[PDB]
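Chains as they are written, first to last, in the UniProt record's numbering: chain B, 73 to 142; chain A, 2 to 127; chain Y, 54 to 259; chain S, 2 to 51; chain E, 2 to 51; chain X, 2 to 120; chain W, 2 to 88.
The beta carbon of each residue, even a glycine, is placed where N, CA and C say it ideally should be.
Right, one structure below, let's go through it.
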Amino acid sequence: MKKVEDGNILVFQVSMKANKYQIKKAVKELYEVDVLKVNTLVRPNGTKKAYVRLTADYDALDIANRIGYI
Amino acid sequence: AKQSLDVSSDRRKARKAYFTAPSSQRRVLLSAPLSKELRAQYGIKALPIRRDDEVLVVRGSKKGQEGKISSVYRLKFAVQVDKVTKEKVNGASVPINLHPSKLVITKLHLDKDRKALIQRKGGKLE
Amino acid sequence: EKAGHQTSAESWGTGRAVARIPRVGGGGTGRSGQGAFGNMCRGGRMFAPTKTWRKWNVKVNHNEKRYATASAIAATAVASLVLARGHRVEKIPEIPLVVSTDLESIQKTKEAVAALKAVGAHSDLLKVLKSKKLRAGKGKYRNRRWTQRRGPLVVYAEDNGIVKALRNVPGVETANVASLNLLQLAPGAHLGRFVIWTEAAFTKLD
Amino acid sequence: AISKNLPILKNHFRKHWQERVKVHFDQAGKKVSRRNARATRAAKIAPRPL
Amino acid sequence: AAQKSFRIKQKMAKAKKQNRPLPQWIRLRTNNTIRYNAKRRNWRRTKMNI
Amino acid sequence: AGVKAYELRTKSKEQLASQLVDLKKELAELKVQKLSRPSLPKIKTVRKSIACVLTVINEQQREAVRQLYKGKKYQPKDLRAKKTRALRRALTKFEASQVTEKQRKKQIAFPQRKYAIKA
Amino acid sequence: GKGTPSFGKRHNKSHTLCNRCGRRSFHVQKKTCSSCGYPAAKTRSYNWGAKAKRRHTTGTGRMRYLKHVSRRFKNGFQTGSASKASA
RNA sequence: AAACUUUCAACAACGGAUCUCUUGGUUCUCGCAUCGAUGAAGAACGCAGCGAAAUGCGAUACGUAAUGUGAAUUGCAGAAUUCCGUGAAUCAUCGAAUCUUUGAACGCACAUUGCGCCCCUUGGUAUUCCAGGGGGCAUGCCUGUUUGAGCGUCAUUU
RNA sequence: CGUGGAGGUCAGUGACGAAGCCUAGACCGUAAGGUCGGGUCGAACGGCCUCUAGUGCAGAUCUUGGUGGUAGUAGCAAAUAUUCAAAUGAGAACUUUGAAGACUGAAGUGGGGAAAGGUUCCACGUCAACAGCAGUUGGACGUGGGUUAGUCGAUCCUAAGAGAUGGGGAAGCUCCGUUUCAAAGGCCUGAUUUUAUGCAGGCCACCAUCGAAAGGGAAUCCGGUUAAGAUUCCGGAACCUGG
RNA sequence: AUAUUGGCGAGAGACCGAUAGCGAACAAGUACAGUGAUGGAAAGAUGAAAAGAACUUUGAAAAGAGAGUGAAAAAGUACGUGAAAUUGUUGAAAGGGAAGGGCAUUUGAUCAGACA
Ligand SMILES: [Mg+2]
Ligand SMILES: [Mg+2]
Ligand SMILES: [Mg+2]
Ligand SMILES: [Mg+2]
Ligand SMILES: [Mg+2]
Ligand SMILES: [Mg+2]
Ligand SMILES: [Mg+2]
Ligand SMILES: [Mg+2]
Ligand SMILES: [Mg+2]
Ligand SMILES: [Mg+2]
Ligand SMILES: [Mg+2]
Ligand SMILES: [Mg+2]
Ligand SMILES: [Mg+2]
Ligand SMILES: [Mg+2]
Ligand SMILES: [Mg+2]
Ligand SMILES: [Mg+2]
Ligand SMILES: [Mg+2]
Ligand SMILES: [Mg+2]
Ligand SMILES: [Mg+2]
Ligand SMILES: [Mg+2]
Ligand SMILES: [Mg+2]
Ligand SMILES: [Mg+2]
Ligand SMILES: [Mg+2]
Ligand SMILES: [Mg+2]
Ligand SMILES: [Mg+2]
Ligand SMILES: [Mg+2]
Ligand SMILES: [Mg+2]
Ligand SMILES: [Mg+2]
Ligand SMILES: [Mg+2]
Ligand SMILES: [Mg+2]
Ligand SMILES: [Mg+2]
Ligand SMILES: [Mg+2]
Ligand SMILES: [Mg+2]
Ligand SMILES: [Mg+2]
Ligand SMILES: [Mg+2]
Ligand SMILES: [Mg+2]
Ligand SMILES: [Mg+2]
Ligand SMILES: [Mg+2]
Ligand SMILES: [Mg+2]
Ligand SMILES: [Mg+2]
Ligand SMILES: [Mg+2]
Ligand SMILES: [Mg+2]
Ligand SMILES: [Mg+2]
Ligand SMILES: [Mg+2]
Ligand SMILES: [Mg+2]
Ligand SMILES: [Mg+2]
Ligand SMILES: [Mg+2]
Ligand SMILES: [Mg+2]
Ligand SMILES: [Mg+2]
Ligand SMILES: [Mg+2]
Ligand SMILES: [Mg+2]
Ligand SMILES: [Mg+2]
Ligand SMILES: [Mg+2]
Ligand SMILES: [Mg+2]
Ligand SMILES: [Mg+2]
Ligand SMILES: [Mg+2]
Ligand SMILES: [Mg+2]
Ligand SMILES: [Mg+2]
Ligand SMILES: [Mg+2]
Ligand SMILES: [Mg+2]
Ligand SMILES: [Mg+2]
Ligand SMILES: [Mg+2]
Ligand SMILES: [Mg+2]
Ligand SMILES: [Mg+2]
Ligand SMILES: [Mg+2]
Ligand SMILES: [Mg+2]
Ligand SMILES: [Mg+2]
Ligand SMILES: [Mg+2]
Ligand SMILES: [Mg+2]
Ligand SMILES: [Mg+2]
Ligand SMILES: [Mg+2]
Ligand SMILES: [Mg+2]
Ligand SMILES: [Mg+2]
Ligand SMILES: [Mg+2]
Ligand SMILES: [Mg+2]
Ligand SMILES: [Mg+2]
Ligand SMILES: [Mg+2]
Ligand SMILES: [Mg+2]
Ligand SMILES: [Mg+2]
Ligand SMILES: [Mg+2]
Ligand SMILES: [Mg+2]
Ligand SMILES: [Mg+2]
Ligand SMILES: [Mg+2]
Ligand SMILES: [Mg+2]
Ligand SMILES: [Mg+2]
Ligand SMILES: [Mg+2]
Ligand SMILES: [Mg+2]
Ligand SMILES: [Mg+2]
Ligand SMILES: [Mg+2]
Ligand SMILES: [Mg+2]
Ligand SMILES: [Mg+2]
Ligand SMILES: [Mg+2]
Ligand SMILES: [Mg+2]
Ligand SMILES: [Mg+2]
Ligand SMILES: [Mg+2]
Ligand SMILES: [Mg+2]
Ligand SMILES: [Mg+2]
Ligand SMILES: [Zn+2]
């Protein structure tokens with residue numbers, strides 16, 4: 073949550089068949105947002121996690137509580 | 002006695018099929034016989050008990066008591082009556098589980114289909 | 054047959070301070086180390102294990118079978134025996150019991166029953182029934198589960214629905230003269246059934 | 002294993018014989034079927050003989 | 002480790018999951034018999050062999 | 002309440018593909034709520050419905066194809082009858098019924114007579 | 002040194018998990034599995050090892066397809082759909 | 001005389017015999033003929049509102065469609081619209097689908113979530129670079145198709 | 001004499017208590033054994049005539065399980081060493097913290113990795129079992145959190161090796177061979193401006209592939225930041241490869 | 001017409017009755033051992049129904065003591081019966097380097113029958 077409050081990062085658990093490309097686009101397409109980069113990692117339980125930085129125009133935090141969570 | 006060839010009087014197989022039997026089959030095993038009253042009425046002896054049905058425990062300790070079948074607990078092979086219950090030490094209450102075969106039907110919840118069942122066993126209805 | 058033996062146990066030989074039945078090998082599992090094959094080890098094979106090719110059935114001399122069944126028949130007269138052998142005949146007309154041939158044709162249990170009663174059966178049918186008991190053994194759960202005394206055996210000549218009338222009544226067995234079964238003529242090798250013969254039947258004997 | 006005044010028997014159970022042992026437990030269950038399957042032929046094969 | 006295949010990363014993860022205790026509601030079902038997780042695994046007691 | 006089977010099968014081709022899109026949105030939204038609540042069984046019946054949709058989007062397009070191919074030598078193996086591998090290469094009635102010329106000439110000539118004894 | 006010291010050096014797999022049967026029986030250097038026999042065409046069986054077999058024969062598994070073949074058979078391999086009735 | 005040792009008893013311990021049970025195992029018998037390149041058996045990994053397993057399923061994941069039944073499911077929470085009804089159900093039946101990663105396993109590899117080729121399509125200012133979406137490319141052999149080879153060899157040119 | 005099971009019989013006994021177990025109580029038998037009382041107990045069981053066998057235990061270094069005397073015994077003695085006090089807690093020789101006494105002595109008991117483990121990491125909760133005293137502590141238990149890369153590895157390369165392929169052996173699983181008595185392939189554009197790619201040159205004869213987280217190898221750094229991640233994030237500043 | 005320790009579906013038994021019967025009546029080819037080929041267990045029973053003990057009290061707790069449930073807690077998720085070895089308390093007795101045994105009787109404890 074601090075990534076979102078501090079970093080402008082949207083953390084998503086993501087499909088393991090998906091790459092940085094497919095993640096970036098299918099975020100762009102699903103939330104109407106512009107993305108900087110997509111650092112990812114495989115959680116120790118078998119789920120890809122996505123660190124996702126939006127560009128300076130979007131305040132991820134505002135996005136976060138407009139998608140639903142907070 | 003079993004004069005057929007596709008029926009078994011073997012005690013093992015019997016008790017398996019009882020206990021393992023699926024829900025759809027259980028409905029039929031959980032039958033109650035109609036009341037002397039309801040019997041001359043629909044011209045019919047027994048019937049697969051169902052929910053919003055009315056009943057008289059004509060056996061057991063709960064003899065005489067009567068009510069609406071709250072739920073049929075196929076899983077537990079037992080029926081529950083809304084009105085016949087246990088008040089625990091902590092005063093909270095809990096359902097007793099009556100067996101269909103020890104009940105008697107008093108008023109039949111009726112359906113298009115309940116009707117058809119009754120009509121099919123050679124019954125009649127008022 | 055393959056049982057006792059689904060192991061791999063070799064002995065351990067002498068000298069390891071322990072007895073020398075073969076022993077399960079390997080490790081990590083309790084079973085590991087224990088006795089095999091031994092007719093005295095747990096999970097052994099059993100000594101001289103039963104076979105299918107036992108002599109089950111017996112060849113009896115065809116002619117004795119007769120002399121037997123015959124003898125069996127002669128005693129179902131003989132008052133004393135029929136009496137001695139169970140069978141409340143304490144007070145039936147005459148031995149042998151000969152009923153009408155009309156019996157052979159009676160077609161409803163309920164009918165037959167009270168016919169048989171009139172002929173004197175009653176006390177005997179009642180003697181069964183008063184006697185269904187739970188098989189003492191384990192046939193109690195090998196579908197040999199109940200048990201009860203033997204009733205009258207009604208021999209007929211032509212079956213015109215008698216057998217299906219008397220089927221459901223407990224103790225009463227039926228038989229056409231042309232057969233006649235030594236297992237029913239002296240059940241348990243005890244001489245003197247309670248036989249009730251239709252006349253047409255009776256007359257077929259010679 | 003020669004002893005007493007018996008005959009000399011020649012019983013051939015030295016191969017692995019316990020393996021090839023045909024009990025005809027089904028003597029009955031073959032008659033029946035044979036009967037059952039003769040009847041179906043009469044039936045099938047029209048008013049013809051067997 | 003500390004540089005393993007996904008193939009192993011994976012087994013390791015499945016491994017992790019099964020290492021939980023019997024969810025205490027299963028115990029309360031009808032006819033339940035399972036008292037405890039009889040299949041549990043501890044890292045310094047039994048090794049899983051890749 | 003869920004969606005239904007027949008109610009879909011009349012819904013239009015891209016009415017149908019549309020509903021799927023909106024179901025997947027429902028799901029998305031739900032999976033958010035799921036983690037912010039001690040329970041959400043509701044989810045079970047929306048993901049159940051997506052199935053039904055896809056199921057019917059498939060059924061229709063399939064016997065769309067199944068028919069254009071209906072009535073010609075060669076149609077996709079997955080529209081072909083499954084039966085059994087061996088069944089699927091047993092001789093066809095015809096190539097089995099196949100008698101020789103010389104043969105039928107005799108079958109015809111001397112066929113099995115329905116005779117009978119008695120008199 | 003042939004005991005508890007020489008076991009010190011044990012930390013090098015002879016087998017990894019075999020792809021065909023997932024068993025940790027895949028001989029790395031010898032590149033075959035010691036149980037199933039991958040990558041051989043046939044699966045490895047032996048008649049002197051039956052408990053071996055019994056640990057793998059059809060039925061030990063999911064039977065993903067084979068389950069239903071007796072049913073499918075039971076009704077003569079029914080191409081088609083079912084109609085409708087009453088009640 | 002205690003204590004202690006020993007013996008009998010009562011009660012209580014330890015242990016799990018015995019008695020009685022049995023959805024199991026064994027043996028007999030009858031009937032029947034159906035795995036797979038239309039991807040089998042087997043593997044792995046995942047799938048539930050709350051599951052680790054057994055069972056079941058396959059990113060449509062304890063299931064979708066269909067048909068029969070005619071009201072449950074049940075440990076809790078639940079929808080509630082589902083009750084004179086295209087309709088409850090962890091039901092039965094099953095003819096329709098979905099069916100990850102693999103396996104004879106088939107583009108090549110594989111102690112690698114490793115590495116290419118082709119067609120269609122979409123975005124990036126692109127026949128050619130990158131990315132997303134679909135559909136493809138193993139081997140032996142048979143019938144045929146088409147394109148070819150050899151002074152093996154026939155004819156035909158002027 | 002006695003046991004499991006079968007045929008017959010006693011219309012046998014029994015929830016008003018069958019079976020079983022206890023019983024320095026009673027009785028019958030030379031004995032094997034049989035019968036009763038009482039206590040415990042909960043669904044079955046017995047007499048007589050016959051039938052049947054996986055039919056009687058003290059041993060077999062017998063099998064499996066269970067249990068003793070040994071015995072509160074042997075023992076818990078290697079690796080210099082501990083101490084005062086507070087805090088917490090039902091509980092403190094043993095946990096937290098402050099003090100003091102010491103050690104390892106940079107060939108470390110320091111600071112990191114390779115193999116191997118797999119979550120042990122970190123937080124919170126927490127003592128039934130475990131840590132051969134203890135336990136308020138732990139690598140334990142319950143519960144959550146945590147592993148971010150164009151440049152760091154894999155990936156690519158080839159080594160010893162491994163091993164398909166045309167083939168050659170072998171009844172056959174399969175053995176031999178690796179460029180091998182093999183018709184073994186793909187690149188640059190031009191020819192297109194029907195049009196998409198047929199052919200117009202020429203080369204090129206290399207004939208798989210696997211095989212190195214220490215060999216070969218394109219390219220990154222410093223400061224900051226976390227309960228737990230960093231040459232992977234933040235910040236600033238670069239560099240390589242492709243287009 | 002023959003075969004059939006496999007497969008799908010059935011009916012059976014003078015069979016075994018949880019140390020037996022298939023190794024497995026149970027989440028058994030499981031858990032666990034081995035580098036591997038392989039090896040491979042133990043483990044069924046509260047009651048009719050959880051009515052699975054509110055509440056009070058001692059305790060840090062586990063628990064104990066009351067209460068309560070039930071036909072029975074002499075059924076309390078250590079759960080039907082609950083043998084033996086072996087153990088605690090209680091009662092009785094004997095014991096100068098074992099103990100047990102045989103015949104006989106004293107003494108103590110205990111008991112049948114029998115009379116009318
Ligand atoms: Mg901000
Ligand atoms: Mg009916
Ligand atoms: Mg009364
Ligand atoms: Mg009931
Ligand atoms: Mg043998
Ligand atoms: Mg010894
Ligand atoms: Mg055995
Ligand atoms: Mg009896
Ligand atoms: Mg008995
Ligand atoms: Mg011979
Ligand atoms: Mg003939
Ligand atoms: Mg170990
Ligand atoms: Mg539904
Ligand atoms: Mg075809
Ligand atoms: Mg070792
Ligand atoms: Mg090696
Ligand atoms: Mg090899
Ligand atoms: Mg292969
Ligand atoms: Mg004694
Ligand atoms: Mg006691
Ligand atoms: Mg027993
Ligand atoms: Mg019972
Ligand atoms: Mg059986
Ligand atoms: Mg039969
Ligand atoms: Mg197999
Ligand atoms: Mg599973
Ligand atoms: Mg389940
Ligand atoms: Mg549910
Ligand atoms: Mg309908
Ligand atoms: Mg189903
Ligand atoms: Mg799909
Ligand atoms: Mg391959
Ligand atoms: Mg791949
Ligand atoms: Mg593709
Ligand atoms: Mg050709
Ligand atoms: Mg040609
Ligand atoms: Mg005797
Ligand atoms: Mg006996
Ligand atoms: Mg026996
Ligand atoms: Mg007496
Ligand atoms: Mg008593
Ligand atoms: Mg008693
Ligand atoms: Mg009982
Ligand atoms: Mg005898
Ligand atoms: Mg014996
Ligand atoms: Mg002896
Ligand atoms: Mg003994
Ligand atoms: Mg001894
Ligand atoms: Mg002994
Ligand atoms: Mg011992
Ligand atoms: Mg002590
Ligand atoms: Mg000491
Ligand atoms: Mg010492
Ligand atoms: Mg020291
Ligand atoms: Mg200390
Ligand atoms: Mg300190
Ligand atoms: Mg110093
Ligand atoms: Mg030094
Ligand atoms: Mg240290
Ligand atoms: Mg480190
Ligand atoms: Mg480790
Ligand atoms: Mg954890
Ligand atoms: Mg820690
Ligand atoms: Mg403690
Ligand atoms: Mg520890
Ligand atoms: Mg300790
Ligand atoms: Mg302690
Ligand atoms: Mg933990
Ligand atoms: Mg990464
Ligand atoms: Mg580098
Ligand atoms: Mg790469
Ligand atoms: Mg080779
Ligand atoms: Mg390589
Ligand atoms: Mg390298
Ligand atoms: Mg730093
Ligand atoms: Mg972080
Ligand atoms: Mg660190
Ligand atoms: Mg940066
Ligand atoms: Mg910059
Ligand atoms: Mg450039
Ligand atoms: Mg046979
Ligand atoms: Mg058979
Ligand atoms: Mg039969
Ligand atoms: Mg057993
Ligand atoms: Mg026995
Ligand atoms: Mg066993
Ligand atoms: Mg069971
Ligand atoms: Mg175990
Ligand atoms: Mg019980
Ligand atoms: Mg028990
Ligand atoms: Mg129970
Ligand atoms: Mg108490
Ligand atoms: Mg009692
Ligand atoms: Mg009890
Ligand atoms: Mg309790
Ligand atoms: Mg008990
Ligand atoms: Mg004396
Ligand atoms: Zn394998």
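| query | Counting contacts by CB-CB distance shorter than 8 Å, is residue 103 of chain X in contact with chain W? | reply | The residue you call residue 103 of chain X lines up with position 102 of the sixth sequence. Output row for residue 103 of chain X: interface = no.
| task | Closer than 7 Å by C-beta to residue 122 of chain Y: which residues in its own chain qualify, once you throw out the five before and the five after it? Chain order, please. | result | Within the third sequence, residue 122 of chain Y is the residue found at index 69, counting from 1. Result list for residue 122 of chain Y: 233, 235 and 238, in chain order.
| request: Flag this pair as touching only if the stretch 75-85 of chain B and the stretch 121-129 of chain B have three or more C-beta atom pairs under 8 Å; answer yes or no. | output: yes
| For residue 56 of chain A and residue 102 of chain A, the rounded distance between their alpha carbons | Stepping through the second sequence from its first residue, residue 102 of chain A is reached at position 101. Stepping through the second sequence from its first residue, residue 56 of chain A is reached at position 55. About 11 Å.
| Rounded separation between residue 140 of chain Y and residue 246 of chain Y - CA only | Taking the third sequence and counting its residues from 1, the one referred to as residue 140 of chain Y is at position 87. Taking the third sequence and counting its residues from 1, the one referred to as residue 246 of chain Y is at position 193. Straight-line Cα distance between these residues: approximately 8 Å.
| field | Burial state of residue 231 of chain Y (16 or more Cβ within 10 Å) | value | Taking the third sequence and counting its residues from 1, the one referred to as residue 231 of chain Y is at position 178. Per the 10 Å Cβ criterion, exposed.
| task | Taking residue 26 of chain E as the reference, give the member of E/20, E/16, E/37 and E/17 with the closest Cα. | result | Residue mapping note: residue 26 of chain E aligns to position 25 of the fifth sequence, counting from 1. Of the candidates E/20, E/16, E/37 and E/17, the one whose C-alpha sits nearest the C-alpha of residue 26 of chain E is E/37.
| query | In the structure shown, what three-state DSSP assignment does residue 65 of chain Y receive? | reply | Within the third sequence, numbered from 1, the residue matching residue 65 of chain Y stands at position 12. Three-state DSSP puts residue 65 of chain Y in coil, outside helix and strand.
| field | C-beta neighbour in chain X for residue 59 of chain W, strict 8 Å | value | Here residue 59 of chain W is taken as the residue at index 58 of the seventh sequence, counted from 1. So, not an interface residue.
| task | Residues of the stretch 107-119 of chain A with a CB closer than 8 Å to any CB of chain Y: list them in chain order, please. | result | none
| query | Which residues share a DSSP beta bridge with residue 209 of chain Y? | reply | Numbered from its first residue, the third sequence carries residue 209 of chain Y at position 156. Partner(s): Y/229.
| request: Taking residue 98 of chain A and residue 74 of chain A to be in contact with their CB atoms under 8 Å, please state how far apart those CB atoms are, rounded to whole angstroms. | output: To locate residue 98 of chain A, count along the second sequence from 1; it is residue 97. To locate residue 74 of chain A, count along the second sequence from 1; it is residue 73. Correct: roughly 7 Å between the Cβ atoms.
| Three-way DSSP call (helix, strand, coil) for residue 38 of chain A in this model | Mapped onto the second sequence, residue 38 of chain A falls at position 37. It is helical.
| message | What does the Cβ neighbour count give for residue 30 of chain A, buried or exposed, with the cut at 16 atoms within 10 Å? | response | In the second sequence, residue 30 of chain A corresponds to position 29, counting from 1. Exposed, by the Cβ-count rule.
| message | Under 8 Å: do the stretch 45-53 of chain A and the stretch 107-119 of chain A share three or more Cβ pairs, one atom per stretch? | response | yes
| query | According to DSSP, is residue 17 of chain W helix, strand or coil? | reply | As a first step, residue 17 of chain W is located in the seventh sequence; it is residue number 16 there, counting from the start. In the structure shown, residue 17 of chain W sits in a strand (DSSP, three-state: E or B).
| message | Taking CB distances under 8 Å as the criterion, tell me whether residue 16 of chain X reaches chain B. | response | Here residue 16 of chain X refers to the residue found at position 15 when the sixth sequence is read from its first residue. Cβ-Cβ to chain B under 8 Å: no for residue 16 of chain X.
| task | Report yes if the CB atom of residue 31 of chain X is closer than 8 Å to the CB atom of residue 43 of chain X, and no otherwise. | result | Taking the first residue of the sixth sequence as 1, we reach residue 31 of chain X at position 30. Taking the first residue of the sixth sequence as 1, we reach residue 43 of chain X at position 42. The answer is yes: Cβ separation under 8 Å.
| task | Consider the Cβ of residue 11 of chain E: report whether some Cβ of chain B lies at a distance smaller than 8 Å. | result | If you number the fifth sequence from 1, residue 11 of chain E lands on position 10. Yes, because at least one Cβ of chain B sits closer than 8 Å to the Cβ of residue 11 of chain E.
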